[PDB]
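In: okay, here's the opening piece of the assembly, coordinates as they are in the complex:
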Amino acid sequence: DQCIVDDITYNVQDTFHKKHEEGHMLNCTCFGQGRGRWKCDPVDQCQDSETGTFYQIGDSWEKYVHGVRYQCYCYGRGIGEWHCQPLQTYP
């Protein structure tokens, strides 16, 4: 048996990632069972409350809001945890 997903063929027991249509990341397994059955779970990841954009653990990004630029980081930590800091010049 094999799984077919977004035109990609998987062997039974394969694991893979897939982006959901709404933008977030999934981790998936190919089960097969006679009908190429597969399932995907959302992974732990962050969602920017303003832009709706998803970021993966370890990703950083900049927000430009209230006329202020910030740098943000996705920690995850099982709760899609992220934080930002104002853009800052250093020596």
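Out: Noted; the coordinates are in hand. Residues are numbered from 1 along each chain as shown, chains lettered A, B, ... in the order given.

In: the most centrally placed residue in chain A and residue A:56: what is the separation?
Out: Centroid check for chain A by C-alpha atoms, centre = their mean gives residue A:25 as the closest residue, at 3.3 Å. Relative to residue A:56, residue A:25 is positioned 6 Å away (C-beta to C-beta, to the nearest Å). All C-beta spots, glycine's among them, are computed from the backbone N, C-alpha and C.

In: and for residue A:41?
Out: 14 Å.

In: chain B next, sequence below:
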Amino acid sequence: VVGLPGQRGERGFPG
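Out: Adding chain B to the chains above:
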């Protein structure tokens, strides 16, 4: 608190 959706499929999924 509301989780993100997962996804599933297979040959002959109804949907």
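
In: what about the closest residue to residue A:50 other than its chain neighbours, how many neighbours?
Out: Excluding its sequence neighbours, the residue lying closest to residue A:50 (C-beta to C-beta, 6 or more residues apart in numbering or on different chains) is residue A:65, at 6.1 Å. If you count neighbours by other C-beta atoms under 10 Å in any protein chain shown, residue A:65 ends up with 10.

In: neighbours of residue 3, how many?
Out: Since you didn't name a chain, this refers to chain A. 25.

In: that's the wrong chain, I meant chain B
Out: 8.
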